[PDB]
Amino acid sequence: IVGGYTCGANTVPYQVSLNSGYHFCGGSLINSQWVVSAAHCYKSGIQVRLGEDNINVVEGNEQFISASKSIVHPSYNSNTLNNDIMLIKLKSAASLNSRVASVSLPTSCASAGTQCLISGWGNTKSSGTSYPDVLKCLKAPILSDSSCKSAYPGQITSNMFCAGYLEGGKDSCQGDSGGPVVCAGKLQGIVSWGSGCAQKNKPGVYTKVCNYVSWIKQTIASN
């Protein structure tokens, strides 16, 4: 997260870290058994870590749970970056408490201007890297489709939306992928892609969760 702030330990109870010997992507807990992340974050043998703040060391509130099923949206196109969403089923239910909680799904798309909370352990600096030990937070607004498309001509499908600042300076970055974009208390997006980080006229592009809800609810009910 570039240009954000330290969230605070367990202040984003639904934020998860997908681990494969090391943190490689974020995710969002939607219920005791399922996690939503990015499709481009697919890996076999994923270990889901809940209740994390400092991802480098154990602090007492983490829950490490192996993934039993990793379902990449059938229409995922790694070329065009379209349909960048993946569902993960924990092979063991998570103990829901004050530090580990699910985030509800949006049953209606959010409108431009709505302020969102984006989080992750990705790069925090520009033209250079610096990965944080603890979770970073960032407040950013959903942008309009016309603006999104003018910033990324020919690249924006209906399953994506831009959030952030045309001015640049604040945005998600490498390492935040698969992470949550929560607005008005619902998971409206998934940290997907972007050109650079916090660059001018190049805001973060996120998977538009609202289009995949019916599918998510269906998959959860039959797997």
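Don't overthink the numbering: it's just position in the shown sequence, from 1.
- Here 100-108 and 113-121 are compared by their mean Cα B-factor, and 100-108 comes out higher.
- Here the stretch with the larger average CA B-factor, out of 81-89 and 144-152, is 144-152.
- Out of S20, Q15, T207, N211, it is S20 whose C-alpha atom has the highest B-factor in the PDB entry.
- The maximum CA B-factor among the listed residues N61, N159, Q188, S37, taken from the PDB record, is found at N61.
- When the modelled residues of the chain are ordered by their C-alpha B factor, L135 lands in the middle third.
- The PDB entry assigns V48 a C-alpha temperature factor belonging to the lowest third of its chain's modelled residues.
- In the PDB entry, a CA B factor belonging to the middle third of its chain's modelled residues is recorded for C7.
- Remark: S68 belongs to the highest third of its chain, ranked by C-alpha B-factor as recorded.
- Looking at the C-alpha B-factors along this chain, the one for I220 belongs to the highest third.
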